[PDB]
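The chain that follows stands alone, in the form deposited in one PDB entry, written as structure tokens.
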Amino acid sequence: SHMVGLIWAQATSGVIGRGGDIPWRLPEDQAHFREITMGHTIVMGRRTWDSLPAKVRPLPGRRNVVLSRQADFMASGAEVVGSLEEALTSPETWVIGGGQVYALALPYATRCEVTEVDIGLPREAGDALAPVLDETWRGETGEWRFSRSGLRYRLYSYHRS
């Protein structure tokens, strides 16, 4: 189909999750995730889907796609696909996690929307980590700003052909 993006929020070290939680509290990043994904397709792995609250999934106003090897998986209000390539048939897709799906998706992706949270969390065994980019990606790293709580963050908007 077409435009494949990745979206995530990471500490400066690349930690995106620890102990099965987002490792900070940042409502403005929830607003940012909505504004990027709203009206488009989101793709997630089955474990990510399983971790969302029952009354929160599917995320509203977006086509939710769950990748699973299980043909009988129940993702009420979403659709389930059994290959990544089938999950990218939409005109605009944002891959939202987790690490297994980001690995599969990275070769197809031509945009990354990232939030860096200014927090010092050196990586530990078991952490969920950010996809690793390289020098063929280009774009803007925004200015630091404070959240309402005083937590600082900035935005990356990168692209490649």
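Numbering starts at 1 and follows the sequence shown. In this text, rigid core is short for the largest set of C-alphas that superpose within 1.5 Å between two forms.
- A summary of the deposited B-factors shows that, of 54-62 and 88-96, the stretch with the larger mean C-alpha value is 88-96.
- Higher average CA B factor: 137-145, of the stretches 137-145 and 6-14.
- Of the candidates 109, 26, 121, 42, the one whose C-alpha carries the top B factor in the deposited record is 109.
- Residue 104: CA B factor lies in the highest third for its chain, per the PDB record.
- In the PDB entry, residue 31 places in the middle third of its chain by CA B-factor.
- Looking at the C-alpha B-factors along this chain, the one for residue 67 belongs to the lowest third.
- Residue 38: CA B factor lies in the highest third for its chain, per the PDB record.
A second form of this protein, the form deposited in another entry, is not displayed here; the remarks below concern that form.
- When two forms of a protein are overlaid on their rigid core, residues whose CA moves 2 Å or more are considered shifted, and residue 148 is one of them between this form and the one not shown.
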